[PDB]
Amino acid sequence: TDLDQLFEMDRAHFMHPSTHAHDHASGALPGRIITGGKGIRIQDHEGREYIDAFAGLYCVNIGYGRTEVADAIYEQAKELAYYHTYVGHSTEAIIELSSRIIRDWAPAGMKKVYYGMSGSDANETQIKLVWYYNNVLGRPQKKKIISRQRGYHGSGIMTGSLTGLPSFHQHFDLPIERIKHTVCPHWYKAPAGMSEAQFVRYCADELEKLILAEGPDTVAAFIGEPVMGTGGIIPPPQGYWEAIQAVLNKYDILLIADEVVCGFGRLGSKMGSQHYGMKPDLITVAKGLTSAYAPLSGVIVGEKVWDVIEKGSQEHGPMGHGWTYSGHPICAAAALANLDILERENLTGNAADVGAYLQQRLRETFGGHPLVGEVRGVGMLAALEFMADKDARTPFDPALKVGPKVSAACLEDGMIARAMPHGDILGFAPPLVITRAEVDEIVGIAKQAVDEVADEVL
């Protein structure tokens, strides 16, 4: 009957992202259908309600059930759901969005926006532009891209290669050539006894060593999230970005700021770049761009790169780059309504204020908890990393599944917080509309779940 037939269809015909193919198909990993939501709460097919303390995947930033955004999508869909943006074609919506992103949200020196539908396709565009940039400048060898261990930049062949987490590489023959990875800037896991400043110098020196080992004239760009998202909610050490940028300047290497997660208020600033004083040449956005109301990505191109793009076109004609759905009208309309709401409600300010409250409440609650090795985060991102031996920084045996168990316990108590991959880490990325009262409720549920698992394993 109805729901049972839907789950049967799901098992038989729907290949999910990031889902154990056989267990899901067999029914051992049970399906869940989401039927609605409002604010920070979602509802499933059994009528159970959950506090979504992960905002989908760091993306439902204005919260669920915004009929204002639905209306805007509808209006555009009625007027003109689609035409292409090839050979200088546009809608009013995509033009207004481009101007608004550059004028109101992007850091200084940014000029143009190129649109796709995912964070992954945006980073794909980024590498194409970096390679084109160097070819038109007469530097055919200057092509390598430096990423970082535990960075997350997407799930394709090139983009999965940028990504620094092994599950995105396994059985896909990644990373492909030209992509290198430097160190994860996680001070908690630094060589023992290193101060924060020593650790920063270590990260800068290791970057330099890698650049010199590869040949600086062969290295084109460096890509990094301001704060690492999927690699575990890892804020950089104090002074990290200034030290990295001095190395990149020395060897004439472009900085790509991956703002897929950090963009559009998530850290309590416009983007992560402004938050940390980064000066990127190229910026990747998605997620909070539309609050996931529709799929849209952006590549924000600085003046320096844009100027060379123009020159390339003068010498060689139009660049061979386009997606059919680049600048999709309904997606642009969703973004505009999303920005209106972020601005009108000052959700960047709410993220800074309530986010700091979240940071503080998690430190007070879990700072001395025997299961918790580190409490970390910034703005509206936070995490608890679970360790078997706190003082030595000895992780649990992965087979124990401490992280997933904490997450599952939260879920039983009606709260969604993610077991982050490749470690034992509980992650929080709530919608930016969250209140202090809602934070207290999330923290209390997390506390119970962490206590419960601590009893089982300690």
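Throughout, we count residues from 1 along the sequence that is shown.
A.B. asks: Give the stretch, out of 27 to 35 and 427 to 435, with the larger mean C-alpha temperature factor in the deposited entry.
C.D. replies: It is 27 to 35 that shows the higher mean C-alpha B-factor.
A.B. asks: Looking at the entry, does 118 to 126 or 230 to 238 show the higher mean C-alpha B-factor?
C.D. replies: Going by the record's values, the stretch with the higher mean is 230 to 238.
A.B. asks: Sorting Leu371, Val87, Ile256, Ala383 by Cα temperature factor from the record, which one lands on top?
C.D. replies: Largest recorded C-alpha B-factor: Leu371.
A.B. asks: Using the entry's values, work out which of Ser297, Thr218, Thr159, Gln360 has the largest Cα B factor.
C.D. replies: Checking the PDB record, the top C-alpha B-factor among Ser297, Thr218, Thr159, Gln360 is at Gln360.
A.B. asks: Going by the entry, which third of its chain does the Cα temperature factor of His20 land in?
C.D. replies: Its C-alpha B-factor belongs to the middle third of this chain's values.
A.B. asks: Ranked by Cα temperature factor within the chain, is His321 in the lowest third, the middle third or the highest third?
C.D. replies: Its C-alpha B-factor belongs to the lowest third of this chain's values.
A.B. asks: Classify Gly56 as lowest, middle or highest third according to the C-alpha B-factor given in the PDB entry, relative to its own chain.
C.D. replies: As the PDB entry reports it, the C-alpha B-factor of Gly56 lands in the lowest third of its chain.
A.B. asks: Name the third of the chain's ranked CA B-factors that contains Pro280, choosing lowest, middle or highest.
C.D. replies: For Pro280, the deposited C-alpha B-factor lands in the middle third.
A.B. asks: Quick check on the deposited entry: does the C-alpha B-factor of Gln141 sit in the lowest, middle or highest third of its chain?
C.D. replies: For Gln141, whose C-alpha B-factor we compare with every modelled residue in the chain, the answer is the middle third.
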